[PDB]
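Data block below; observations after.
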Amino acid sequence: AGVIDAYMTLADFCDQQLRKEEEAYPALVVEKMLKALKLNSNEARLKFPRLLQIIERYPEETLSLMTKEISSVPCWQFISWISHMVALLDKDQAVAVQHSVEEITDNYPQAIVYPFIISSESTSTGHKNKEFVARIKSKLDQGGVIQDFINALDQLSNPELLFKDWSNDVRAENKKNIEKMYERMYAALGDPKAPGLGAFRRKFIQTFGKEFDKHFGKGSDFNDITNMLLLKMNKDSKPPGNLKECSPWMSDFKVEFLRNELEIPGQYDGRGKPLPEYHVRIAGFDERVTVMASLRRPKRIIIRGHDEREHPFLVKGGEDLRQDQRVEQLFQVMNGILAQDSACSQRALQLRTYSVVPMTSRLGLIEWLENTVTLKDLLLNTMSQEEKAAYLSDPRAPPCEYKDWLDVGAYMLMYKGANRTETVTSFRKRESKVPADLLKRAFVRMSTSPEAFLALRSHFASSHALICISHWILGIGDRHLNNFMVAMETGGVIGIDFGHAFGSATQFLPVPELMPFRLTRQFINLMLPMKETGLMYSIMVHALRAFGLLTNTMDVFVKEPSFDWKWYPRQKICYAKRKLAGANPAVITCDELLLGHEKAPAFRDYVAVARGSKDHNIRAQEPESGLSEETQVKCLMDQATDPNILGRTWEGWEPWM
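Letter by letter, the sequence shown follows residues 3407 to 3429, 3441 to 3539, 3545 to 3595, 3602 to 3647, 3657 to 3843, 3851 to 3991, 3996 to 4014, 4038 to 4128 of the authors' numbering.
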């Protein structure tokens, strides 16, 4: 009760002072936060990453009094920081937390195995850690079943994507790791038989990989030639049958006495509580899989549950999934901050998200609700058939901007030649080309009761505002309408495509994609009296003045090596913390564009349109070096959202839509 209160007061006083110190005491305070952690407290549960940076910051005292954690707290906690823990064990660091995770896996190994796999990459002191993790994997019994699931999951992957990734890797790369890569490529595809029971992949490998390895005497131009050779082959991906005869468990082999019982991957989030170990397990399957070519031709898989509750999911190829996990826990900690905020709870402000599960770099698992719809098809079905036919026939963004471009190559030249006159010209062209009221049609047709209509619409607007500003803080590039996904049972929408963060996509994409959030004329005309200075303005203000502990917890050790190339990430972390402390978003965009785009031409045009195309727009000198809430959000609305898009915009961004 009040003991926790005094705990929190002295805790945040002390660590705020310690943070202020730099631009004995740590040991006593961290032992105090542990004896606070005795009693369950989610807000205190939030400061674990800060505990790690203070462990590494002052090991001489923190690691000295480390011993009072196993001897102090055995509560099955730390679930959302398991990746952080197991990355900590990789180096000469805390080691009794290995005993803590020993206790955790003694409770159950569910959702510990995947962190172990993602940490399998990983002497004077590190050999001790190697012994500890060897003991861990010794405790990790029946892992071959899990690798059998891995084989089942990647037996449906098209080998063309694997070969293309291998080609990118060899382009990045003499035989020190090139031969290792060749061996891995061989064991993946060029091996005479796939260990799985496939037929699609097996026939493809037996037809092409042997020939390609014959071409490859080893084990640039040759890689390119092989690239053309294996892209000019059959462009068709369909693993054997709708039923996965390729996959042993998707075919047969239920869990017997000999086979261990495996849980549905990812449903546990504890706080030292004994998690209920009677939930849905991996049992049953309904195999009619749909193939959609979105980024790597992913497939929405349908999986029957143990408790006769089917749980559909999505299979995924490469594009490793530690960053999506990280931004997920960022979402939950933001939600916890909202919950503990009295005013946010007064408005009942809350965001909900989903579960995404990583296995390897070449293996990630994504859920699906199937009771939700994206914006594209929603707007299209709200639009009448004749209306959509008239739109698709003559006028679209290319029919509206062919002159504003003049094909590819032609966009840079009038991007350079951009001006306020053509800015307003293109704005008028797009606003005349696209109709309106479609959102209102959609809401009035989906809702029946009028007051319920108002309630759902207001809730949707608030949720959209909060999620858009959250992912703006996270620097997420949510380009198209498919970046959003709304469920027609509570009017809540969830973001999609978290593969772009902190403006890294803006940095490396040729065309820039700078904007605060996904805004269009429909969100403008959401209701006619709205001037966008009311509801979402208040929501943004309330979210922003809620601070600043996110700096310690956004990153832990390295934040996913590779990532981009596949520079210095702590630069991105410091830009994010500068945004949190208060910076001009135009300045933020400028410093983001200071990588690559400065070598690129039209850089002065980019920084000018970021600063503001209007004399009245170029006034924001208050948000830089100190946040002032309303000024910052009105800056993002005025000199960052509308006119830059009205001047220059990406065709796939769908600004008119």
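Even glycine gets a Cβ: it sits at the ideal position worked out from N, Cα and C.
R3557 has its alpha-carbon roughly 36 Å from the corresponding atom of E3682.
The alpha-carbon separation between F3961 and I3913 amounts to approximately 7 Å. With a cutoff of 8 Å on beta-carbon distance, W3805 and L3751 are scored as near each other. If you draw a straight line from the Cα of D4062 to the Cα of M3959, it is about 14 Å long. Counting along the chain, the unbroken beta strand (DSSP E) around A3931 starts and ends at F3928 to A3931. The C-alpha of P3879 is placed about 9 Å away from the C-alpha of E3824. With at least 16 other beta carbons inside 10 angstroms of its own, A3886 counts as buried. For a cut-off of 8 Å, the C-beta gap from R3593 to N3679 is around 36 Å, too long to register as a contact. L3666 sits in a helix when the DSSP states are folded into three classes.
The beta carbon of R3718 lies closer than 7 Å to those of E3698, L3699, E3700, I3701 and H3743 in the same chain, with the five residues before and after it left out. Annotation: the continuous alpha helix (DSSP H) that includes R3872 extends over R3864 to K3877. Nearest to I3662 by C-alpha distance, out of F3722, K3586, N3772 and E3520, is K3586. Within the same chain, Cβ atoms closer than 6 Å to the Cβ of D3641 are found at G3618, the five residues on either side in sequence being excluded. If you check the CB distance, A3513 and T3547 do not come in under 8 Å. DSSP assignment within the stretch 3658-3723 yields the following whole alpha helix (DSSP H) runs of 4 residues or more, N-terminal first: 3658-3668 and 3685-3688. DSSP places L3775 within a helical segment (H, G or I) once states are collapsed to three.
In this structure the stretch 3938-3948 does not lie against the stretch 4070-4089, because fewer than three pairs of beta carbons, one per stretch, are closer than 8 Å. Contact check for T4001 and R3467: beta-carbon distance about 7 Å, within the 8 Å limit, so the pair qualifies. Of all C-beta pairs linking the stretch 4042-4049 to the stretch 3891-3908, fewer than three are shorter than 8 Å, placing the two stretches out of contact. Spanning the alpha carbons of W3498 and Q3634 requires a straight line of approximately 43 Å.
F3897 and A3931 have their C-alpha atoms spaced approximately 15 Å apart. Counted as a single uninterrupted DSSP element, the stretch harbouring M3796 is not any alpha helix (DSSP H) but the beta strand (DSSP E) occupying residues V3793 to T3797. The beta carbons of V3490 and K3455 sit about 7 Å from each other, so the pair counts as a contact at 8 Å. Excluding residues up to 5 positions away in sequence, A3444 and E3448 lie with their Cβ nearer than 6 Å to the Cβ of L3482 in the same chain. When rounded, the separation of the alpha-carbon atoms in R3696 and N3573 is 17 Å. In the three-state scheme derived from DSSP, where H, G and I count as helix and E and B as strand, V4006 is classed as coil. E3875 sits close to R3965, with the two beta carbons spaced by under 8 Å.
Inter-segment contact for the stretch 3729-3744 and the stretch 3703-3714 is absent: fewer than three beta-carbon pairs are separated by less than 8 Å. Counting only runs of 4 or more residues that sit fully inside the stretch 3471-3529, the alpha helix (DSSP H) segments are 3476-3479, 3499-3505 and 3513-3524, in chain order.
Bridge partners of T3809 according to DSSP: none are assigned.
Within the same chain, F3946 come within 6 Å of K4043 by CB-CB distance, once the 5 residues on both sides are set aside. Between the C-alpha atoms of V3726 and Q3777 there is a straight-line separation of about 42 Å. Spanning the alpha carbons of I3917 and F3533 requires a straight line of approximately 30 Å. If you draw a straight line from the Cα of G3626 to the Cα of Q3577, it comes to about 6 Å.
Beta-bridge partners assigned by DSSP to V3752: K3736 and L3802. Between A3616 and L3666 a beta carbon distance of about 18 Å is seen, past the 8 Å cut, so the two are scored as non-contacting.
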